[PDB]
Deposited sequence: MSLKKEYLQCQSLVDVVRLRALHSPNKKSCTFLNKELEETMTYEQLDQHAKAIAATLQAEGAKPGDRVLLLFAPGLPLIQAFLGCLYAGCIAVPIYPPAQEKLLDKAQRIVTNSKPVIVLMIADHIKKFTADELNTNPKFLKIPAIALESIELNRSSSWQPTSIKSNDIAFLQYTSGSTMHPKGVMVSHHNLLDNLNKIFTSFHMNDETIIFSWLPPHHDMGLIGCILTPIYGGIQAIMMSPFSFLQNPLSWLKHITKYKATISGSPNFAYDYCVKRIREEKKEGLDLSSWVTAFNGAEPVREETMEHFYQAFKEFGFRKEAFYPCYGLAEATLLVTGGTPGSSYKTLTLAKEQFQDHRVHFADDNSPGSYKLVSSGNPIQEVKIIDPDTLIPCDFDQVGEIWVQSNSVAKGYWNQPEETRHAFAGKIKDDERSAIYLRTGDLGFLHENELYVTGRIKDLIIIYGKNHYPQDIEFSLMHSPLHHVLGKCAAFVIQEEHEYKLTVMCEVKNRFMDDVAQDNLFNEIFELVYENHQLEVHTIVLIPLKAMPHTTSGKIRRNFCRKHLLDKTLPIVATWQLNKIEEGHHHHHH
């Protein structure tokens, strides 16, 4: 980031070490649970990392070995992650395998990455193991690690191109893809983030984002640690239970940067009653980033109208685009500036070119700019491999020192994504994303592959239905079905449930809708957009999820079936 001595460091390990010498008592990370606060300084973070690394070394872990990190959000996850890096080990973070699908995912990650050790908290060695082992991997409770081991740490010779950690992406549920992020990849992107976000020493980051997804890890934890900036955090569970707490904490801690995928702004609008806004002051919040999924004008306008009386300014909104394969940040605008939009015509014909329309012409729709290329971005036709003109839709191809090394132990998939070559032309990351450049700003339009097809091959509908049927929620329900609907230019994950009691009162309905949203988010890392409640026995008898699902999809579309209530995330 800023000071030259830090720019010169060759890994995040040395950045943390040096910060701990220059400013041992500077607050780094704060984690919040309810009204409880725990903070660690740079001196502490460095000492914990050394202690953990010395333990890994004492237990036979070698540079390049993978160490699985099984943690809920919190300071222990962050200590363990740095501790892995200090040992030259490849960190492999995973969500605690609390339910069936999360456990299946963990097993597939273990099989792929073949870690030598797993770290987790003492409580979890009891919950997830029978020398304790988790899925045959020797396990170690982080609490067993004492600070008197710190001085035993032996520095390794970390090279730029060495892999620092694996970040597993969503999708590919059947063969999870572990993106190999090198030490050089990581520092390159951290610098791009610090710079592009105009961070400085007033900056304070707040995050509730999953630390097991790139944005919440690389953006909201590793960047602040790298840049000497406070990270103030809570768990996604805390956010979903009480989204107001996000805005309360931003208020209390005068956070300047905080953000999320687009849905979370709608979730705030939907969940926070006018009277509960009393006490907010969001004037400090100058960069409200919006990335990881399609960015919606309507969402941001709703949020702006809902919070403007409490100091929130629409200019704070900062659309951005990226993916794990490029470490994180690929495009973004200028902080404090108004993001741009374009209005496309209903009819886009077949030329792959963008067809524009007057600012509210019939059937027109708006796309939000994801900002300027920060990594090099080319729009390339995915079939012919010929570059697209501006205002012509093609695949988003990326190149820079932030582009990752491949997928762990998946050589064919790695060639499929990281070896893009332009017809008659460098090597590019092929994102699978479609979009276009207009006046040097990137407009993301969709995915090459049909999202309904993707949901299907990942077994999302069947697995979401399983979750509902196996949660305590099933006690007030009959049968259920989950599916994705494409509905003018957007995709909406839709859940339909029979309810035993068709007179379910408005409060119970609201609670039920929220419980459903939380369940799917936790079990599947997906966001439900629409929930429909219908009477018992309203779905025909069948032993087939597919038949049941097709019936619900078809009769939602008909507008025939009896409906008890509907919930729409993005509607007021």
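Counting the deposited sequence from 1, the stretches lacking C-alpha coordinates are 1, 132 to 136, 432 to 434, 582 to 590.
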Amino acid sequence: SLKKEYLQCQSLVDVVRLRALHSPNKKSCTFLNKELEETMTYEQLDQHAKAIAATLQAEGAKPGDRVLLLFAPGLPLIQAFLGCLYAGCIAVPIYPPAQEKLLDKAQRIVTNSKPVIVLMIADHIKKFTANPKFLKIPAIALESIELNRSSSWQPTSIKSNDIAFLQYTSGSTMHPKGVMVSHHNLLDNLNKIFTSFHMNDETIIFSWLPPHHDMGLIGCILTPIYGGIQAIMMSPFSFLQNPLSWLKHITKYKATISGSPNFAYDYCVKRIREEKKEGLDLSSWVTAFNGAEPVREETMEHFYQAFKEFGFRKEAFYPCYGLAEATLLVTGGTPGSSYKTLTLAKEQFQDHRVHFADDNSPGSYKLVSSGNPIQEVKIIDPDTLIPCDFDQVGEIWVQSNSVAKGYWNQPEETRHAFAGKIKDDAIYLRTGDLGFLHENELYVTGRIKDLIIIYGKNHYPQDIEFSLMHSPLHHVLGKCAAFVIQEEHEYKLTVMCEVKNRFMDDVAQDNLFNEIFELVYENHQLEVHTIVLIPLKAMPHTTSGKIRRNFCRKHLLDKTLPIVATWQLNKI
From here on, numbers count along this sequence of modelled residues.
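Higher mean CA B-factor, judged across 285 to 293 and 155 to 163 from the recorded values: 155 to 163.
500 to 508 and 64 to 72 differ in mean CA B-factor, and the higher of the two is recorded for 500 to 508. For the set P224, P97, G332, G83, the maximum C-alpha B-factor listed in the entry falls on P97. Based on the entry's C-alpha B-factors, the most elevated value among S245, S113, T431, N131 belongs to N131. The entry lists a Cα temperature factor for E43 that places it in the lowest third of the chain's modelled residues. Sort the modelled residues of the chain by CA B factor and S364 lands in the highest third. When the CA B factors of the chain's modelled residues are split into thirds, the value for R353 lands in the highest one. Looking at the C-alpha B-factors along this chain, the one for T55 belongs to the middle third.
Sort the chain's modelled residues by C-alpha temperature factor and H22 lands in the middle third, per the entry.
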